[PDB]
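**Student:** coords please:
(chains A and B, ligands or ions: 2)
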Protein chains: 2
Amino acid sequence: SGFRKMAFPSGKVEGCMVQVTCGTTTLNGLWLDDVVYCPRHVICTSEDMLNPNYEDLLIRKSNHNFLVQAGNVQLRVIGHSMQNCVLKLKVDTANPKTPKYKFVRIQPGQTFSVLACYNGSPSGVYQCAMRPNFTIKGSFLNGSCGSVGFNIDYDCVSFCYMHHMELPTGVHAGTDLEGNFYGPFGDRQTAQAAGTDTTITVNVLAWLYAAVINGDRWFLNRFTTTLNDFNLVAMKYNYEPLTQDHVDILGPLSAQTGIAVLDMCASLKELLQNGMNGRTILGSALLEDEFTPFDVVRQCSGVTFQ
Amino acid sequence: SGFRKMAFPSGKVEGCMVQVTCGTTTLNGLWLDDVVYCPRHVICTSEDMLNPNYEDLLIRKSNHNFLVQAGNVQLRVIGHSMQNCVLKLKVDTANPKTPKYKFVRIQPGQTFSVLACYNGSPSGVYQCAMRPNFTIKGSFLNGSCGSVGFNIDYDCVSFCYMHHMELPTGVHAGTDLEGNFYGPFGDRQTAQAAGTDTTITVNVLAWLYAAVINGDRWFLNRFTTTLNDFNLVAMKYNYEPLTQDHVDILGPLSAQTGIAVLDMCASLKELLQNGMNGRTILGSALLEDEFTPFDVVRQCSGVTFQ
Ligand SMILES: *C(=N)[C@H](C[C@@H]1CCNC1=O)NC(=O)[C@@H]1Cc2ccccc2CN1C(=O)[C@@H](NC(=O)C(F)(F)F)C(C)(C)C
Ligand SMILES: *C(=N)[C@H](C[C@@H]1CCNC1=O)NC(=O)[C@@H]1Cc2ccccc2CN1C(=O)[C@@H](NC(=O)C(F)(F)F)C(C)(C)C
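**Tutor:** Numbering: from 1, shown residues only, chains lettered A, B, ... in the order given. Ligands and ions are numbered 1, 2, ... in the order given. See below for the structure:
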């Protein structure tokens, strides 16, 4: 029993973190085989943050303008290139701790673990979601760029995020590991700001299923809803539309609990209209939307507490 | 900016997890140097869970009744002993990944990271607190026993918890790494149940300081309180008494924010009496008590967003 915001074990990623310095700027890089991946803004200077021309900045650099440190050991850079908003620094040493890995570009609503790092040294691990507005509600300070987000399947680390920017509302923007930003954001100092966000409906439903698995039914009701009628309510509460694909994805949780998806939708509809009336669900007084269906199956018992 | 439930990087602990089997029971062990530590209830059988005599059960076992598996490799047990509620299995191989470590017995209110494991394989990491009633609100299933809780300081892992039991309310009980239970609990099937719990006042105050550091002051007020008068209110709301030692521990956060501790106590008093009135603090609609003062300093900027 229990239900926590649960991150993946971070060891396989810890062994990949290094420090990258260019000029007076230091941040983190990800060392896989003989390449170190890092944010290209490591090459910027303070007077040229408004609209850096990265091609023009990078052509002025040599391999030896980049310092890479793995623990106490200097790795010599033997090549460099820019791919979108990341730099790939070829180094003279292949990382002996390189895990089996993939690069993935995730969809909004998916979750991942973040290994926050500073000066190439891991600091902490937490779970986040890609919000519908393509920001993440991370926890990051100066020097955290190049920290990565990931999921682990069997022994394979799927890297999905590299940290680049903090927006005016204190939320975060970054890229996939090929250097493409999530959302409309970019690596320049402009007026960019998070668009209006929405609540991830399919995730809220998954978490209500988690609560049932763990033995709590107080919020259920005798009603059902059509998908169309549910979505009319979702829209009023700034919830993402629920699609038939979401309904299909909730199939296994529905089967394990005996609660049809549209019946759980009727429960959620009532919770939105009535509030929780001072009660909690899985220790929260808010409807939680940063657990996917997969996250629930991963953490919960396969046997419902009936 | 941001503030998350942040666990320590788990890699140093991952490298210590093994599987221990005795009879038909399998659980996790912690392999440090040439010893594997695990819950002694690995030697129990289903018909003798109500009041096992562990001394009598263990004398009937040989070294070769214990199977220890590290990944795909069998470690041969060459000695065994019982210390309180843990078994120490001496093995023929010292763990080459043993980190610098200590065993610590923590005080109630302190937090730690849990590496949940099954069959010797790490599954996930989350943060918990030792509750005032010496339970932990963990997330654990069958096979999770022997999973450990820890903090990391510099390169040194301080192990503070090993998982043993789930109580009827779905919360958890376990031991220090010397096998002494936290709280009145034990490794037998009885009517033991969590005592009444309280909210960890010093931690709530620390988290209010975190909210100020991160730029939010909405909940402050112009009042102050004496410690005695605050504690009269704390008691009414089932909060732990605040001591002068707690006030001293909050010193650094008070200095960084310019908010005297007793003034933050007056803010908390008002929050308890008035509620949050539909607002949130650091994304929570409840007053959070599983961040210590140290946790706040560890995660937050040293510069307040004034
Ligand atoms: C990475 N090390 C750092 C992470 C930030 C620092 C505070 N919290 C974080 O998450 N990233 C930056 O400081 C970036 C780097 C950058 C590249 C090109 C141009 C300008 C910058 C400055 N950075 C910002 O995140 C700034 N934000 C923005 O400019 C914008 F809001 F995204 F538009 C700022 C946080 C104001 C320094
Ligand atoms: C460890 N692998 C397992 C972890 C449990 C299983 C469900 N969630 C958990 O956290 N621990 C047990 O199953 C223990 C072992 C044990 C030792 C001696 C005597 C009886 C047991 C059975 N266990 C329990 O946790 C049971 N709880 C209790 O007996 C009590 F509430 F603590 F009193 C029970 C969860 C009912 C199986």
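**Student:** got the contact list for the residue in the stretch 101-250 of chain A positioned nearest to ligand 2?
**Tutor:** Closest to ligand 2 within the stretch 101-250 of chain A is residue A:214: 11.1 Å, counting by CB to the nearest ligand atom. (C-beta placed from N, C-alpha, C; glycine too.) Applying CB atoms under 8 Å, 6 or more residues apart in numbering or on different chains, we find residue A:214 in contact with A:1, A:2, A:3, A:282, A:300, A:301, A:305, B:170.
**Student:** and residue A:226, by the same measure?
**Tutor:** Residues near residue A:226 by CB under 8 Å, 6+ apart: residue A:262.
**Student:** next, give phi and psi for it.
**Tutor:** Here is the backbone geometry of residue A:226 (degrees, to the nearest 10): phi -80, psi 160.
**Student:** name the residues of the stretch 1-150 of chain A found near chain B, please.
**Tutor:** A:1-12, A:14-15, A:115-116, A:122-128, A:137-142 (CB under 8 Å from any CB of the partner chain).
**Student:** what count of nearby residues applies to residue A:26?
**Tutor:** 18 (other CB atoms under 10 Å in any protein chain shown).
**Student:** so which helix or strand takes in residue A:220?
**Tutor:** Assigned by DSSP states H and E, residue A:220 falls within no helix or strand.
**Student:** that one - nearest residue in space that isn't next to it in sequence?
**Tutor:** Closest residue to residue A:220 apart from its sequence neighbours, by CB to CB, 6 or more residues apart in numbering or on different chains: residue A:267 at 5.0 Å.
**Student:** okay, the one you found and residue A:218: tell me how far apart.
**Tutor:** The gap separating residue A:267 from residue A:218 is 10 Å, by CB to CB, to the nearest Å.
**Student:** neighbour-wise, which of the two wins?
**Tutor:** Neighbour comparison, residue A:267 and residue A:218: the larger count goes to residue A:267, with 22 against 11 (by other CB under 10 Å).
**Student:** just list the residues touching the more buried one, thanks.
**Tutor:** By CB under 8 Å, 6+ apart, the neighbours of residue A:267 are A:208, A:219, A:220, A:221.
**Student:** and the closest residue to residue A:135 other than its chain neighbours, how many neighbours does it have?
**Tutor:** Using CB to CB, 6+ apart and skipping residues adjacent in sequence, the residue nearest residue A:135 is residue A:171, 4.2 Å away. For residue A:171, the neighbour count with other CB under 10 Å is 20.
**Student:** verify the stated contact: residue A:171 with residue A:136.
**Tutor:** Yes: checked against CB atoms under 8 Å, the pair residue A:171 and residue A:136 is within contact range at 6.6 Å.
**Student:** and the gap between the residue of chain A found nearest ligand 1 and residue B:97?
**Tutor:** Residue nearest to ligand 1 within chain A: residue A:145 (2.8 Å; CB to the nearest ligand atom). The spacing between residue A:145 and residue B:97, counted by CB to CB, is 30 Å.
**Student:** same deal with residue A:225?
**Tutor:** 53 Å.
**Student:** neighbour count for the two, which is higher?
**Tutor:** Each of residue A:225 and residue B:97 has its neighbours counted (other CB under 10 Å); residue A:225 has more, 19 against 15.
**Student:** where do the helices sit along the stretch 51-200 of chain A?
**Tutor:** A:54-59 (DSSP state H, counting those that start in this stretch).
**Student:** all strands of it, in order?
**Tutor:** Taking DSSP state E, counting those that start in this stretch as the test, the strands found in the stretch 51-200 of chain A are A:66-70, A:73-75, A:77-83, A:86-91, A:101-103, A:111-118, A:121-129, A:148-153, A:156-166, A:172-175.
**Student:** any chance of those strands in CSV, with mean neighbour count too?
**Tutor:** Formatted as CSV, those follow (neighbours: other CB atoms under 10 Å in any protein chain shown):
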stretch, mean neighbour count
strand A:66-70, 19
strand A:73-75, 15
strand A:77-83, 15
strand A:86-91, 23
strand A:101-103, 16
strand A:111-118, 25
strand A:121-129, 23
strand A:148-153, 22
strand A:156-166, 22
strand A:172-175, 27
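**Student:** gap between the residue lying farthest from the centre of chain A and residue A:212?
**Tutor:** Distance from the centre of chain A peaks at residue A:222, with 35.9 Å (CA atoms, centre = their mean). Using CB to CB, residue A:222 is found at 15 Å from residue A:212.
**Student:** how about the contacts made by the residue of chain A found nearest ligand 2?
**Tutor:** Taking CB to the nearest ligand atom, ligand 2 has its nearest neighbour within chain A at residue A:1, 6.0 Å off. By CB under 8 Å, 6+ apart, the contact set of residue A:1 is A:214, A:215, A:301, A:305, B:139, B:140, B:166, B:170, B:171.
**Student:** kindly reformat the residues you listed as JSON lines containing distance to ligand 1.
**Tutor:** Shown next, in JSON lines, are the contacts of residue A:1 (distance: CB to the nearest ligand atom, whole Å):
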{"residue": "A:214", "distance to ligand 1": "34"}
{"residue": "A:215", "distance to ligand 1": "39"}
{"residue": "A:301", "distance to ligand 1": "37"}
{"residue": "A:305", "distance to ligand 1": "40"}
{"residue": "B:139", "distance to ligand 1": "29"}
{"residue": "B:140", "distance to ligand 1": "33"}
{"residue": "B:166", "distance to ligand 1": "39"}
{"residue": "B:170", "distance to ligand 1": "36"}
{"residue": "B:171", "distance to ligand 1": "35"}
